[PDB]
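First, one chain by itself: the form solved without this ligand, in structure tokens.
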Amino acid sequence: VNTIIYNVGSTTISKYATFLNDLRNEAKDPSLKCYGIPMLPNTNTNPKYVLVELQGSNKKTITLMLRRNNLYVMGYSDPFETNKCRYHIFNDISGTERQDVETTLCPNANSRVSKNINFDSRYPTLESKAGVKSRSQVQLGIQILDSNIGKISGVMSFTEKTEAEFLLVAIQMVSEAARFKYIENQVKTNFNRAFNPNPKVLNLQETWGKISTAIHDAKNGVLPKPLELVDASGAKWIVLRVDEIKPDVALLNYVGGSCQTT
């Protein structure tokens, strides 16, 4: 398992771009792709994970553990207390993947400590914990990310709302940005300020798997069925071809079977 180190406290749009390029290159399968868009690996391709070390201001750091197969954040770790590694596993991680989050994030069995994320990673759950009806009400931003890291990293007790806002911002600026070029570009455009994620960024996030299946299944560039999406203004956006949505996608979710690779 390799880790991508991103200095949140001191960056530029160029360093943000390099970060995402490195994360996509490490997460993606070495050869799997459809219509020239790289795809994530099959669940049993090793390594199954990739770590993202987010270095914030005031020596506050948090490491995210992501599953390569779908880029979902499985949990995170933060340097805690003396010289301990505090790992936090999502409520929706089960079986062997649970000891995996523990041993991958904190390899030293002698100094690791647990602090569960007492709720699952679904957006509606995160939005509920953050006390909002929509994550559109929670602004994203480099400085906002930095601030949320500092509210969690090394801090013994923190509220679920605090944790949820950190998770909402980090997932979207890391996982969602890696998957979608559009989302990366939204962050780059508002790099020095806070911004509310638009209807297109949220839709893309919610239709990623659908988009990925449609592209994998697309015959001669034509999507199996018209795919209804929504643009930046919130208008219904019906896509019929791969060429119409491909500019927004950086990585495709894993979809079994052969496809038009170029």
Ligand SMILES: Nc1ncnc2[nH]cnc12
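Residue indices: 1-based, along the sequence shown.
Here the subject shifts to the form deposited with this ligand bound, a form of this protein not shown in this document.
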Review point. Going by a heavy atom distance of 4.5 Å, is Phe166 a contact of this ligand in the bound PDB entry?
Key: no
Point to revise | Contact of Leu105 with this ligand in the bound PDB entry (heavy atom, 4.5 Å) | key: no
Practice item. May I ask you to check whether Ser175 falls inside a 4.5 Å heavy atom distance of this ligand in the bound PDB entry? Key: yes
Check your understanding: Does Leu71 reach this ligand in the bound PDB entry, with heavy atoms at most 4.5 Å apart?
Key -> yes
Review point. Looking at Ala130, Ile171, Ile149, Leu140, which is the one with a non-hydrogen atom within 4.5 Å of this ligand in the bound PDB entry?
Key: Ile171
Exercise for review: Could you work out which of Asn190, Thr162, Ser121, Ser111 is the residue within 4.5 angstroms of this ligand in the bound PDB entry, going by heavy atoms?
Suggested key: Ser121
Point to revise | Partner-proximal stretch of 149-157, 72-80, 111-119, 96-104 relative to this ligand in the bound PDB entry, 4.5 angstroms, heavy atom | key: 72-80
